[PDB]
């Protein structure tokens, strides 16, 4: 067989992504994977925690602010925690988590929602979050990433769940 490799990778960047494309972000270290917000009703930062981390306080810079969390990862796999708030001075909560051996997270802007993958590989699945201002969601991506058309989510799911 001969198949094109998916589009990318792109270097870490800041932009307002176009609607209708999955960003498939490949995390290669612990800490902050990305920081996404429209500065209105949506803030999500993804935090990466390596395998076998006993419960302890870890500190991160989220949207310019120093924030601490009690972090634990009992698994042999990486964990990617979506930390969400809905107002500029709300509190972050862990809205959802991806446990993964492949170290890829997914983010799509479409149809008034932001869609991502959560659960545990190789059976992670999609979920979504509503927003009233989708287009102005901007993202600071801290790692290399690929871009996949919405029509190819089947492939995005395959990559999330089984790797590239």
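Positions refer to the first chain, counted from 1.
Undergrad: Which of the two stretches, 27-35 or 111-119, shows the higher mean Cα temperature factor in the record?
TA: Taking the mean B-factor of the alpha carbons in each, 111-119 is higher.
Undergrad: Can you tell me whether 88-96 has a higher mean C-alpha B factor than 68-76 in this record, or the other way round?
TA: Of 68-76 and 88-96, the stretch with the higher C-alpha B-factor average is 88-96.
Undergrad: If you compare 104, 139, 132, 62, which has the highest Cα B-factor in the entry?
TA: Spelled out: the listed residue with the top C-alpha B-factor is 132.
Undergrad: Taking the chain's C-alpha temperature factors as the reference, tell me which third residue 48 falls into: lowest, middle or highest.
TA: As the PDB entry reports it, the C-alpha B-factor of residue 48 lands in the lowest third of its chain.
Undergrad: Where does the C-alpha B-factor of residue 57 rank in its chain, lowest, middle or highest third?
TA: Residue 57: CA B-factor falls in the lowest third of its chain.
Undergrad: Among the chain's modelled residues, which third holds the C-alpha B-factor of residue 8?
TA: Lowest third, going by the recorded CA B-factors of the chain.
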